[PDB]
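Source file: structure.json (JSON, N, CA, C and O atoms)
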[["chain", "number", "residue", "atom", "x", "y", "z"],
["A", 1, "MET", "N", 0.82, -1.24, 0.00],
["A", 1, "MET", "CA", 0.00, 0.00, 0.00],
["A", 1, "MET", "C", 0.85, 1.29, 0.00],
["A", 1, "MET", "O", 0.48, 2.28, 0.64],
["A", 2, "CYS", "N", 1.98, 1.33, -0.73],
["A", 2, "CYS", "CA", 2.77, 2.56, -0.91],
["A", 2, "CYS", "C", 2.02, 3.57, -1.81],
["A", 2, "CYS", "O", 1.65, 3.26, -2.94],
["A", 3, "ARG", "N", 1.79, 4.79, -1.29],
["A", 3, "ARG", "CA", 1.21, 5.93, -2.05],
["A", 3, "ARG", "C", 1.37, 7.26, -1.31],
["A", 3, "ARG", "O", 1.95, 8.20, -1.84],
["A", 4, "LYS", "N", 0.86, 7.31, -0.07],
["A", 4, "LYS", "CA", 0.99, 8.45, 0.86],
["A", 4, "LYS", "C", 2.39, 8.51, 1.49],
["A", 4, "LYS", "O", 3.16, 7.55, 1.42],
["A", 5, "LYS", "N", 2.71, 9.66, 2.09],
["A", 5, "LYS", "CA", 4.01, 9.93, 2.73],
["A", 5, "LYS", "C", 4.31, 8.88, 3.82],
["A", 5, "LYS", "O", 3.40, 8.57, 4.60],
["A", 6, "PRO", "N", 5.54, 8.33, 3.92],
["A", 6, "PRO", "CA", 5.92, 7.28, 4.88],
["A", 6, "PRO", "C", 6.08, 7.80, 6.33],
["A", 6, "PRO", "O", 7.06, 7.50, 7.03],
["A", 7, "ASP", "N", 5.12, 8.61, 6.79],
["A", 7, "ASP", "CA", 5.02, 9.15, 8.16],
["A", 7, "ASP", "C", 3.57, 9.50, 8.52],
["A", 7, "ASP", "O", 3.09, 9.08, 9.57],
["A", 8, "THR", "N", 2.82, 10.19, 7.64],
["A", 8, "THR", "CA", 1.42, 10.60, 7.89],
["A", 8, "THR", "C", 0.46, 9.43, 8.15],
["A", 8, "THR", "O", -0.40, 9.50, 9.03],
["A", 9, "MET", "N", 0.66, 8.31, 7.44],
["A", 9, "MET", "CA", -0.05, 7.04, 7.66],
["A", 9, "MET", "C", 0.09, 6.51, 9.09],
["A", 9, "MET", "O", -0.84, 5.92, 9.64],
["A", 10, "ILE", "N", 1.25, 6.76, 9.72],
["A", 10, "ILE", "CA", 1.53, 6.40, 11.11],
["A", 10, "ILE", "C", 1.11, 7.53, 12.05],
["A", 10, "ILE", "O", 0.58, 7.21, 13.10],
["A", 11, "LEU", "N", 1.24, 8.81, 11.68],
["A", 11, "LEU", "CA", 0.81, 9.96, 12.50],
["A", 11, "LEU", "C", -0.65, 9.81, 12.97],
["A", 11, "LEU", "O", -0.94, 10.00, 14.14],
["A", 12, "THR", "N", -1.54, 9.34, 12.09],
["A", 12, "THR", "CA", -2.93, 8.98, 12.43],
["A", 12, "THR", "C", -3.05, 7.82, 13.45],
["A", 12, "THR", "O", -3.97, 7.83, 14.27],
["A", 13, "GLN", "N", -2.13, 6.85, 13.46],
["A", 13, "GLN", "CA", -2.09, 5.77, 14.45],
["A", 13, "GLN", "C", -1.41, 6.18, 15.77],
["A", 13, "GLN", "O", -1.94, 5.85, 16.84],
["A", 14, "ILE", "N", -0.30, 6.93, 15.76],
["A", 14, "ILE", "CA", 0.21, 7.55, 16.99],
["A", 14, "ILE", "C", -0.83, 8.52, 17.56],
["A", 14, "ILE", "O", -0.98, 8.54, 18.77],
["A", 15, "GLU", "N", -1.64, 9.22, 16.77],
["A", 15, "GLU", "CA", -2.76, 10.00, 17.30],
["A", 15, "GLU", "C", -3.79, 9.19, 18.12],
["A", 15, "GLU", "O", -4.48, 9.77, 18.96],
["A", 16, "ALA", "N", -3.85, 7.86, 17.97],
["A", 16, "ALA", "CA", -4.56, 6.97, 18.90],
["A", 16, "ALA", "C", -3.68, 6.50, 20.08],
["A", 16, "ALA", "O", -4.12, 6.54, 21.23],
["A", 17, "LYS", "N", -2.43, 6.06, 19.82],
["A", 17, "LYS", "CA", -1.52, 5.56, 20.88],
["A", 17, "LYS", "C", -1.10, 6.65, 21.86],
["A", 17, "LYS", "O", -1.12, 6.44, 23.07],
["A", 18, "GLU", "N", -0.76, 7.84, 21.36],
["A", 18, "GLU", "CA", -0.49, 9.03, 22.17],
["A", 18, "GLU", "C", -1.74, 9.50, 22.88],
["A", 18, "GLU", "O", -1.61, 10.01, 23.97],
["A", 19, "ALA", "N", -2.95, 9.33, 22.32],
["A", 19, "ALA", "CA", -4.16, 9.61, 23.08],
["A", 19, "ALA", "C", -4.29, 8.63, 24.24],
["A", 19, "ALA", "O", -4.57, 9.07, 25.35],
["A", 20, "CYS", "N", -4.01, 7.34, 24.06],
["A", 20, "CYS", "CA", -3.96, 6.40, 25.18],
["A", 20, "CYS", "C", -2.96, 6.83, 26.26],
["A", 20, "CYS", "O", -3.34, 6.98, 27.42],
["A", 21, "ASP", "N", -1.71, 7.12, 25.88],
["A", 21, "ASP", "CA", -0.68, 7.56, 26.83],
["A", 21, "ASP", "C", -0.96, 8.94, 27.45],
["A", 21, "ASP", "O", -0.78, 9.12, 28.66],
["A", 22, "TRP", "N", -1.47, 9.90, 26.68],
["A", 22, "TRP", "CA", -1.85, 11.25, 27.12],
["A", 22, "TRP", "C", -3.05, 11.22, 28.06],
["A", 22, "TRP", "O", -2.95, 11.71, 29.17],
["A", 23, "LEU", "N", -4.16, 10.59, 27.65],
["A", 23, "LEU", "CA", -5.37, 10.48, 28.47],
["A", 23, "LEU", "C", -5.05, 9.77, 29.79],
["A", 23, "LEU", "O", -5.39, 10.28, 30.86],
["A", 24, "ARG", "N", -4.29, 8.66, 29.75],
["A", 24, "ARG", "CA", -3.79, 7.95, 30.94],
["A", 24, "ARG", "C", -2.89, 8.80, 31.84],
["A", 24, "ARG", "O", -3.12, 8.84, 33.05],
["A", 25, "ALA", "N", -1.90, 9.51, 31.29],
["A", 25, "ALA", "CA", -0.99, 10.37, 32.06],
["A", 25, "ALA", "C", -1.67, 11.64, 32.61],
["A", 25, "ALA", "O", -1.32, 12.11, 33.70],
["A", 26, "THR", "N", -2.65, 12.20, 31.89],
["A", 26, "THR", "CA", -3.43, 13.38, 32.28],
["A", 26, "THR", "C", -4.42, 13.06, 33.41],
["A", 26, "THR", "O", -4.44, 13.79, 34.41],
["A", 27, "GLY", "N", -5.21, 11.98, 33.30],
["A", 27, "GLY", "CA", -6.16, 11.57, 34.35],
["A", 27, "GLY", "C", -7.42, 10.82, 33.91],
["A", 27, "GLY", "O", -8.38, 10.75, 34.68],
["A", 28, "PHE", "N", -7.46, 10.27, 32.69],
["A", 28, "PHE", "CA", -8.66, 9.75, 32.02],
["A", 28, "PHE", "C", -8.43, 8.45, 31.21],
["A", 28, "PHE", "O", -8.74, 8.40, 30.01],
["A", 29, "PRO", "N", -7.90, 7.36, 31.81],
["A", 29, "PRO", "CA", -7.62, 6.12, 31.07],
["A", 29, "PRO", "C", -8.88, 5.48, 30.42],
["A", 29, "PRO", "O", -8.75, 4.71, 29.46],
["A", 30, "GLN", "N", -10.09, 5.84, 30.87],
["A", 30, "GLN", "CA", -11.37, 5.44, 30.28],
["A", 30, "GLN", "C", -11.62, 5.99, 28.86],
["A", 30, "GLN", "O", -12.16, 5.26, 28.02],
["A", 31, "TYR", "N", -11.26, 7.24, 28.55],
["A", 31, "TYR", "CA", -11.52, 7.83, 27.22],
["A", 31, "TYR", "C", -10.73, 7.13, 26.11],
["A", 31, "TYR", "O", -11.24, 6.91, 25.02],
["A", 32, "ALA", "N", -9.49, 6.73, 26.43],
["A", 32, "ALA", "CA", -8.69, 5.89, 25.56],
["A", 32, "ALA", "C", -9.36, 4.53, 25.34],
["A", 32, "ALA", "O", -9.51, 4.10, 24.19],
["A", 33, "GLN", "N", -9.83, 3.89, 26.42],
["A", 33, "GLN", "CA", -10.55, 2.61, 26.36],
["A", 33, "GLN", "C", -11.80, 2.68, 25.47],
["A", 33, "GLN", "O", -12.06, 1.75, 24.71],
["A", 34, "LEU", "N", -12.57, 3.77, 25.53],
["A", 34, "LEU", "CA", -13.77, 3.99, 24.72],
["A", 34, "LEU", "C", -13.49, 4.05, 23.21],
["A", 34, "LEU", "O", -14.27, 3.52, 22.41],
["A", 35, "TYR", "N", -12.37, 4.63, 22.78],
["A", 35, "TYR", "CA", -11.93, 4.58, 21.38],
["A", 35, "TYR", "C", -11.29, 3.23, 21.02],
["A", 35, "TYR", "O", -11.59, 2.67, 19.97],
["A", 36, "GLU", "N", -10.45, 2.68, 21.89],
["A", 36, "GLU", "CA", -9.81, 1.38, 21.68],
["A", 36, "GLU", "C", -10.84, 0.22, 21.65],
["A", 36, "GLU", "O", -10.54, -0.86, 21.13],
["A", 37, "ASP", "N", -12.06, 0.44, 22.15],
["A", 37, "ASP", "CA", -13.22, -0.45, 22.01],
["A", 37, "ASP", "C", -13.67, -0.60, 20.54],
["A", 37, "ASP", "O", -13.65, -1.71, 20.01],
["A", 38, "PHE", "N", -14.06, 0.51, 19.88],
["A", 38, "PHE", "CA", -14.60, 0.51, 18.50],
["A", 38, "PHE", "C", -14.63, 1.89, 17.80],
["A", 38, "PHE", "O", -15.48, 2.14, 16.95],
["A", 39, "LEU", "N", -13.70, 2.79, 18.14],
["A", 39, "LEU", "CA", -13.65, 4.19, 17.70],
["A", 39, "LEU", "C", -15.01, 4.90, 17.89],
["A", 39, "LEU", "O", -15.82, 5.00, 16.97],
["A", 40, "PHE", "N", -15.30, 5.36, 19.12],
["A", 40, "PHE", "CA", -16.57, 5.99, 19.51],
["A", 40, "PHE", "C", -16.70, 7.48, 19.06],
["A", 40, "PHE", "O", -15.87, 8.31, 19.44],
["A", 41, "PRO", "N", -17.71, 7.87, 18.24],
["A", 41, "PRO", "CA", -17.86, 9.24, 17.74],
["A", 41, "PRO", "C", -18.78, 10.09, 18.65],
["A", 41, "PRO", "O", -19.94, 10.34, 18.32],
["A", 42, "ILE", "N", -18.27, 10.53, 19.81],
["A", 42, "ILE", "CA", -19.04, 11.40, 20.72],
["A", 42, "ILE", "C", -18.94, 12.88, 20.31],
["A", 42, "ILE", "O", -18.02, 13.29, 19.59],
["A", 43, "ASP", "N", -19.85, 13.70, 20.82],
["A", 43, "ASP", "CA", -19.76, 15.16, 20.73],
["A", 43, "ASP", "C", -18.95, 15.71, 21.92],
["A", 43, "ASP", "O", -19.26, 15.39, 23.08],
["A", 44, "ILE", "N", -17.94, 16.55, 21.67],
["A", 44, "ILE", "CA", -17.23, 17.28, 22.73],
["A", 44, "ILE", "C", -18.20, 18.10, 23.60],
["A", 44, "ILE", "O", -18.02, 18.14, 24.81],
["A", 45, "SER", "N", -19.26, 18.67, 23.04],
["A", 45, "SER", "CA", -20.30, 19.36, 23.82],
["A", 45, "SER", "C", -21.08, 18.46, 24.80],
["A", 45, "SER", "O", -21.73, 18.99, 25.70],
["A", 46, "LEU", "N", -20.99, 17.12, 24.69],
["A", 46, "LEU", "CA", -21.51, 16.18, 25.70],
["A", 46, "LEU", "C", -20.50, 16.02, 26.85],
["A", 46, "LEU", "O", -20.83, 16.29, 28.00],
["A", 47, "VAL", "N", -19.25, 15.64, 26.55],
["A", 47, "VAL", "CA", -18.22, 15.41, 27.58],
["A", 47, "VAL", "C", -17.80, 16.70, 28.30],
["A", 47, "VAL", "O", -17.59, 16.67, 29.51],
["A", 48, "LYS", "N", -17.79, 17.84, 27.60],
["A", 48, "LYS", "CA", -17.62, 19.18, 28.18],
["A", 48, "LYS", "C", -18.67, 19.47, 29.26],
["A", 48, "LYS", "O", -18.32, 19.97, 30.32],
["A", 49, "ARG", "N", -19.94, 19.13, 29.00],
["A", 49, "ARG", "CA", -21.05, 19.35, 29.95],
["A", 49, "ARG", "C", -20.92, 18.47, 31.19],
["A", 49, "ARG", "O", -21.15, 18.93, 32.31],
["A", 50, "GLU", "N", -20.50, 17.21, 31.02],
["A", 50, "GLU", "CA", -20.27, 16.26, 32.11],
["A", 50, "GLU", "C", -19.00, 16.55, 32.94],
["A", 50, "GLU", "O", -19.00, 16.34, 34.15],
["A", 51, "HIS", "N", -17.95, 17.10, 32.31],
["A", 51, "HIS", "CA", -16.69, 17.50, 32.94],
["A", 51, "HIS", "C", -16.55, 19.03, 33.09],
["A", 51, "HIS", "O", -15.44, 19.56, 33.19],
["A", 52, "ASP", "N", -17.68, 19.74, 33.20],
["A", 52, "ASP", "CA", -17.77, 21.18, 33.51],
["A", 52, "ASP", "C", -17.10, 21.57, 34.85],
["A", 52, "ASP", "O", -16.79, 22.74, 35.08],
["A", 53, "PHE", "N", -16.82, 20.59, 35.73],
["A", 53, "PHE", "CA", -15.92, 20.72, 36.88],
["A", 53, "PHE", "C", -14.53, 21.26, 36.50],
["A", 53, "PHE", "O", -13.97, 22.10, 37.22],
["A", 54, "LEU", "N", -13.96, 20.79, 35.39],
["A", 54, "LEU", "CA", -12.65, 21.20, 34.89],
["A", 54, "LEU", "C", -12.72, 22.57, 34.20],
["A", 54, "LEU", "O", -13.79, 23.03, 33.78],
["A", 55, "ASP", "N", -11.57, 23.23, 34.03],
["A", 55, "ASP", "CA", -11.48, 24.48, 33.26],
["A", 55, "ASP", "C", -11.73, 24.27, 31.76],
["A", 55, "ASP", "O", -11.50, 23.18, 31.22],
["A", 56, "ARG", "N", -12.08, 25.35, 31.05],
["A", 56, "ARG", "CA", -12.07, 25.40, 29.57],
["A", 56, "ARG", "C", -10.72, 24.99, 28.96],
["A", 56, "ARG", "O", -10.70, 24.34, 27.93],
["A", 57, "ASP", "N", -9.60, 25.29, 29.62],
["A", 57, "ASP", "CA", -8.26, 24.86, 29.21],
["A", 57, "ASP", "C", -8.09, 23.34, 29.30],
["A", 57, "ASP", "O", -7.63, 22.70, 28.35],
["A", 58, "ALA", "N", -8.50, 22.74, 30.42],
["A", 58, "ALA", "CA", -8.51, 21.29, 30.60],
["A", 58, "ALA", "C", -9.44, 20.61, 29.57],
["A", 58, "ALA", "O", -9.05, 19.60, 28.98],
["A", 59, "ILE", "N", -10.62, 21.19, 29.30],
["A", 59, "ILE", "CA", -11.51, 20.68, 28.25],
["A", 59, "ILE", "C", -10.95, 20.87, 26.85],
["A", 59, "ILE", "O", -11.13, 19.97, 26.05],
["A", 60, "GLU", "N", -10.25, 21.96, 26.52],
["A", 60, "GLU", "CA", -9.61, 22.13, 25.21],
["A", 60, "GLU", "C", -8.44, 21.15, 25.01],
["A", 60, "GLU", "O", -8.28, 20.59, 23.92],
["A", 61, "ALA", "N", -7.66, 20.89, 26.06],
["A", 61, "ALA", "CA", -6.58, 19.90, 26.04],
["A", 61, "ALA", "C", -7.12, 18.46, 25.91],
["A", 61, "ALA", "O", -6.65, 17.70, 25.06],
["A", 62, "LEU", "N", -8.14, 18.10, 26.69],
["A", 62, "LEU", "CA", -8.86, 16.83, 26.59],
["A", 62, "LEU", "C", -9.56, 16.70, 25.23],
["A", 62, "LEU", "O", -9.43, 15.67, 24.57],
["A", 63, "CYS", "N", -10.24, 17.75, 24.78],
["A", 63, "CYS", "CA", -10.83, 17.88, 23.44],
["A", 63, "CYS", "C", -9.78, 17.66, 22.36],
["A", 63, "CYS", "O", -10.11, 17.02, 21.37],
["A", 64, "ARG", "N", -8.52, 18.06, 22.51],
["A", 64, "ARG", "CA", -7.51, 17.77, 21.48],
["A", 64, "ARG", "C", -7.37, 16.27, 21.21],
["A", 64, "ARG", "O", -7.33, 15.87, 20.05],
["A", 65, "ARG", "N", -7.35, 15.44, 22.26],
["A", 65, "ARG", "CA", -7.30, 13.97, 22.13],
["A", 65, "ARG", "C", -8.68, 13.41, 21.79],
["A", 65, "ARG", "O", -8.80, 12.73, 20.78],
["A", 66, "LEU", "N", -9.72, 13.75, 22.55],
["A", 66, "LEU", "CA", -11.07, 13.27, 22.27],
["A", 66, "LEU", "C", -11.56, 13.66, 20.87],
["A", 66, "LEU", "O", -12.02, 12.78, 20.17],
["A", 67, "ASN", "N", -11.42, 14.90, 20.40],
["A", 67, "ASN", "CA", -11.72, 15.29, 19.02],
["A", 67, "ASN", "C", -10.94, 14.44, 18.01],
["A", 67, "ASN", "O", -11.55, 13.92, 17.09],
["A", 68, "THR", "N", -9.64, 14.24, 18.20],
["A", 68, "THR", "CA", -8.82, 13.34, 17.37],
["A", 68, "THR", "C", -9.38, 11.91, 17.33],
["A", 68, "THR", "O", -9.48, 11.32, 16.25],
["A", 69, "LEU", "N", -9.81, 11.37, 18.47],
["A", 69, "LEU", "CA", -10.43, 10.05, 18.57],
["A", 69, "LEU", "C", -11.84, 10.03, 17.93],
["A", 69, "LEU", "O", -12.10, 9.24, 17.03],
["A", 70, "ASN", "N", -12.72, 10.96, 18.30],
["A", 70, "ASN", "CA", -14.06, 11.18, 17.75],
["A", 70, "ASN", "C", -14.06, 11.46, 16.23],
["A", 70, "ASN", "O", -15.03, 11.14, 15.54],
["A", 71, "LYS", "N", -12.97, 12.03, 15.71],
["A", 71, "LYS", "CA", -12.72, 12.28, 14.28],
["A", 71, "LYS", "C", -12.43, 10.98, 13.53],
["A", 71, "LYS", "O", -13.16, 10.65, 12.60],
["A", 72, "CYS", "N", -11.44, 10.20, 13.96],
["A", 72, "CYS", "CA", -11.20, 8.87, 13.38],
["A", 72, "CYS", "C", -12.39, 7.92, 13.62],
["A", 72, "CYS", "O", -12.64, 7.03, 12.81],
["A", 73, "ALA", "N", -13.18, 8.14, 14.67],
["A", 73, "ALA", "CA", -14.42, 7.43, 14.92],
["A", 73, "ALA", "C", -15.53, 7.66, 13.87],
["A", 73, "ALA", "O", -16.19, 6.70, 13.48],
["A", 74, "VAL", "N", -15.72, 8.89, 13.36],
["A", 74, "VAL", "CA", -16.60, 9.14, 12.20],
["A", 74, "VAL", "C", -15.93, 8.81, 10.86],
["A", 74, "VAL", "O", -16.63, 8.51, 9.89],
["A", 75, "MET", "N", -14.59, 8.82, 10.78],
["A", 75, "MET", "CA", -13.81, 8.64, 9.54],
["A", 75, "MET", "C", -13.06, 7.28, 9.43],
["A", 75, "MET", "O", -12.07, 7.19, 8.70],
["A", 76, "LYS", "N", -13.58, 6.23, 10.09],
["A", 76, "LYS", "CA", -13.10, 4.82, 10.09],
["A", 76, "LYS", "C", -11.76, 4.55, 10.81],
["A", 76, "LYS", "O", -11.67, 3.48, 11.45]]
Can the structure in the file be given as structure tokens, please?
Amino acid sequence: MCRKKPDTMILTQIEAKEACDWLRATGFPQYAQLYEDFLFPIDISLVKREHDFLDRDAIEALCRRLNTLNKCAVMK
């Protein structure tokens, strides 16, 4: 399957593995598990409402991984 750049094809897979390591190191090993289950396509406006305890900065940082996961979840 040679066609795309020999790094971007893996950048999309490290965007899942680094989300596992990031979500786990940050405080949320469950969000990684939810994507590693079957790539779950949630709305950030749902998890933002449930984690409204945290700052907008914590939600934007969490949203960086969750949006990346929720993105590959709608895009296979």
Within 7 Å of residue 44 in chain A, counting only C-alpha atoms, which residues show up once you throw out same-chain ones fewer than 3 positions away? Write them as a PyMOL selection string, please. chain A and resi 47-48+63+67
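Each of A:46, A:69, A:75, A:59 was checked against residue 31 in chain A using all atoms listed in the file; the smallest atom-to-atom distance is that of A:69.
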If you run DSSP on the backbone here, which positions in chain A get alpha helix (DSSP H)? Please write them as a count of residues only. 55
Could you jot down the atom O of residue 61 in chain A to CA of residue 26 in chain A separation for me, Å, one decimal place? 9.0 Å
Near range 5-12 of chain A, within 7 Å and counting all atoms listed in the file, which residues show up once chain neighbours fewer than 4 positions away are dropped, as a ChimeraX atom specification? /A:16-17,68
Export, as a JSON list (two decimals), keeping the file's coordinate frame, the selected residues with N, CA, C and O atoms.
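Result file out.json:
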[["chain", "number", "residue", "atom", "x", "y", "z"],
["A", 16, "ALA", "N", -3.85, 7.86, 17.97],
["A", 16, "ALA", "CA", -4.56, 6.97, 18.90],
["A", 16, "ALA", "C", -3.68, 6.50, 20.08],
["A", 16, "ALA", "O", -4.12, 6.54, 21.23],
["A", 17, "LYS", "N", -2.43, 6.06, 19.82],
["A", 17, "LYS", "CA", -1.52, 5.56, 20.88],
["A", 17, "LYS", "C", -1.10, 6.65, 21.86],
["A", 17, "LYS", "O", -1.12, 6.44, 23.07],
["A", 68, "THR", "N", -9.64, 14.24, 18.20],
["A", 68, "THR", "CA", -8.82, 13.34, 17.37],
["A", 68, "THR", "C", -9.38, 11.91, 17.33],
["A", 68, "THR", "O", -9.48, 11.32, 16.25]]
Using only C-alpha atoms, which of the listed residues (A:14, A:28, A:22, A:64) sits closest to residue 51 in chain A? A:28
What does the distance from atom N of residue 20 in chain A to atom O of residue 32 in chain A come to in Å, to one decimal? 6.4 Å
Report, in Å with one decimal, the straight-line distance from atom O of residue 71 in chain A to CA of residue 39 in chain A.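 Between atom O of residue 71 in chain A and CA of residue 39 in chain A the gap is 8.2 Å.
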With distances taken over only N, CA, C and O atoms, which of A:29, A:43, A:58, A:49 is nearest to residue 70 in chain A?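 Closest to residue 70 in chain A of all the choices is A:43.
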If I wrap all listed atoms of range 40-58 of chain A in a box with edges along x, y and z and add 3 Å on each side, what are its centre and edge lengths in Å to one decimal, as JSON?
{"center_x": -14.7, "center_y": 15.4, "center_z": 27.5, "size_x": 20.1, "size_y": 26.0, "size_z": 25.5}
